[PDB]
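Next comes just one chain, in structure tokens: the form deposited in one PDB entry.
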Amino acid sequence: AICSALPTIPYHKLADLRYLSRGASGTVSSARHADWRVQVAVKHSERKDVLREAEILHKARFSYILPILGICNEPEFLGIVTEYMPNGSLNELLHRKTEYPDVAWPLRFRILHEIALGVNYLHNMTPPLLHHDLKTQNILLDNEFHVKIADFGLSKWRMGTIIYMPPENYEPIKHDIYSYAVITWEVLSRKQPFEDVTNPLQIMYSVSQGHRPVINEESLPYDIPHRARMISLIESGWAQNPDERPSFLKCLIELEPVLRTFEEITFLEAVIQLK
């Protein structure tokens, strides 16, 4: 059995600690490792929850899972130290229509493929790992716009936005496919799911009755490559019946041919068209 212990980073090695965001999972700050001379992201009793998330990221390491660099566990400070994502989250890419006026299909399809690849790897673990928190904010993008899945605070080993939550989860495994289905809608539409509705309880009511973000020419245009394959995936994805929802392997199976259409350069052109 080949083991590896996650490095322990002393707080004093974390210099230029500027804050980035505060969320349910914790507070994200940008630092700079004193020895490694690289920019780093830092998330910071309630200690057990952080040490669990840190264990998850170390175990669930993959090409599309946020790379944990080490842990800061001191009596004064506790925080998860990971790689810094220059181009933030997918939420920012999709909804900053001023900053990012043009976004290309190759990039949008590359992102969707990568999310499925990461979530599929998690589900192929022994025991499987279920994210249970997938949002466009959790799908991070590196300098070359590649997916890095974050927020493993709610994730569980199979042994306040509710817009990505399946309706069965409301009242007291197929959760991630539901979240993925809303994310796939959101990526293709570039629209916020249930924008019309102000009250979150209305959204919850609507979905528990079978309502889902609208599919039409205004929401998802006909110019969308493989539109029918995509809508089929989205609709089966967010099926009211959990047993009717696909596996991520089936998403991969349906996605693989769509992505073979695009030439390797069109993605690099898409990432430059952005900057």
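The first residue of the sequence shown is number 1, and the count goes up from there. Here, rigid core means the biggest group of C-alpha atoms that superpose within 1.5 Å across both forms.
Of the other compared PDB entries of this protein that include residues on both sides, at least a third leave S25 without atoms. Modelled in this chain, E46 is nonetheless unresolved in at least one third of the other entries of the protein that span it on both sides. Counting the unmodelled positions of the deposited sequence between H44 and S45 gives a gap of 4 to 9 residues. Legend: mean Cα B-factor per stretch from the PDB entry, 79-87 versus 191-199; the higher mean is in 191-199. When 142-150 is weighed against 115-123, 142-150 comes out higher, by mean CA B-factor as recorded in the entry. Highest CA B-factor among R110, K135, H132, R96, as stated in the entry: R96.
The residue among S63, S206, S236, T27 whose C-alpha carries the highest B-factor in the deposited model is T27. Among the modelled residues of its chain, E168 has a C-alpha B-factor that falls in the middle third, as given in the PDB entry.
Compared with the other modelled residues of the chain, the Cα B-factor recorded for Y100 ranks in the highest third.
Among all modelled residues in its chain, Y222 ranks in the highest third by Cα B-factor.
Sorting the modelled residues of the chain by their CA temperature factor places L255 in the lowest third. Among all modelled residues in this chain, the alpha-carbon of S155 has a temperature factor (C-alpha) in the middle third.
There is another form of this protein, the form deposited in another entry, and it is not shown here; the text below is about that form.
Note: rigid core superposed between the shown form and the other one; among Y178, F145, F109, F152, the CA shift is 2 Å or more only at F152. In this overlay on the rigid core, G23 has a C-alpha that sits 2 Å or more away from its partner position between the shown form and the other one. Compared with the form shown, the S25-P242 C-alpha separation increases in the other form, the change being 3 Å or greater. The pair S25 and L66 separates in the other form: their C-alpha atoms are at least 3 Å more distant from each other than in the form depicted.
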